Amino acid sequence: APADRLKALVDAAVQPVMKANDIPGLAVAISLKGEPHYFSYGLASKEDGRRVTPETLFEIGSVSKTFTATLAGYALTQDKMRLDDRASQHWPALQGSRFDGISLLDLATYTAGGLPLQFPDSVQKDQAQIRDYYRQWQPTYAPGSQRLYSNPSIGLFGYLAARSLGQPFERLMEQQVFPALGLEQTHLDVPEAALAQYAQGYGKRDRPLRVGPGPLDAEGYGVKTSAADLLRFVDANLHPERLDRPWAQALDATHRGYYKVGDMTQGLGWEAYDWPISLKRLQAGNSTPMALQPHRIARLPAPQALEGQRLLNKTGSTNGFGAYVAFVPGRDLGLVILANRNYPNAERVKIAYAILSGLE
């Protein structure tokens, strides 16, 4: 039976990696030939024995940036902002700062000139502290030259896109973005009535870990969603034309590459690779040096359509969770892997590659 073969393929990819990385619970969702398939493993909470299901909520960390990118795509389609706008055009407090010479594109693609991975610990989740942080910041190098993966960078991009729409970022995601995408199990602030679905996260010595408040957390890493909802988001990405036009264009804006770093082409949120490509190369593109070190970019002469024979992906983590999303536009194939342990990106890619290969 084809169901037996598919279960065998996914189990063979997942089971050893869960055991090796001591993952308590893991949800897989696959979109194949326009049909969804779910595979759920282990426990959402070890303490109460709640099992993972396709409706369990996981923290997706940096995968949130693809949602942030979608909201910015919507602001672009509505002509409320342009990627070449100066960042300070959208926030008067930034006028006269170094943000007068940094574009929204630089912010979105981590090339603003050395904005750090995280806000310093001295910056709390407070509007005035965030404002003052950006007003005083000075680039280490020229904007548009080096990519340094950064939550304050794309966080500001999302914050400015929301300002361009005249509403708070979190309100726009809840009231407009998630409903437009048909996402009813996707949250920035999990409702009390949905808490029973929120998985526990696990760190060292199995300490419980759920993400706490931080500056621009919603924009950079704040989404909690189920494997079923994240697959719905992947399916919207595979077929933007099925949504109402403004939202179709918003999703299309996240499928455009601006530059290359090694085998990776950088879009808004999504990162793309030629497909097929070796597992080692895909792991190297999602490796620690890509997250922690600056890289000189190879700018494209024109934005490149991220479609056809390409794999678009995003890793995301929080202290207690590890997520991975990947899809092949030219093959109508999509995958979501959500876990309640922050396990190495290389291991997430290893599961995904075994599944994607087996399906091919």
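We number the residues from 1 along the sequence you see.
Look at the mean CA B-factor for 6-14 and for 344-352 in the entry; the higher one is 6-14. Between 279-287 and 72-80, the higher mean Cα B-factor belongs to 72-80. Comparing the listed residues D206, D85, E271, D229, the entry records the largest Cα B-factor for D206. In the deposited coordinates, the residue among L312, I60, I297, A44 with the greatest CA B-factor is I297. Per-chain ranking of the deposited C-alpha B factor places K65 in the lowest third. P329: CA B factor lies in the middle third for its chain, per the PDB record. Among all modelled residues in its chain, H187 ranks in the lowest third by Cα B-factor. The entry lists a Cα temperature factor for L26 that places it in the lowest third of the chain's modelled residues.
For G201, the recorded CA temperature factor ranks within the middle third of the chain's modelled residues.
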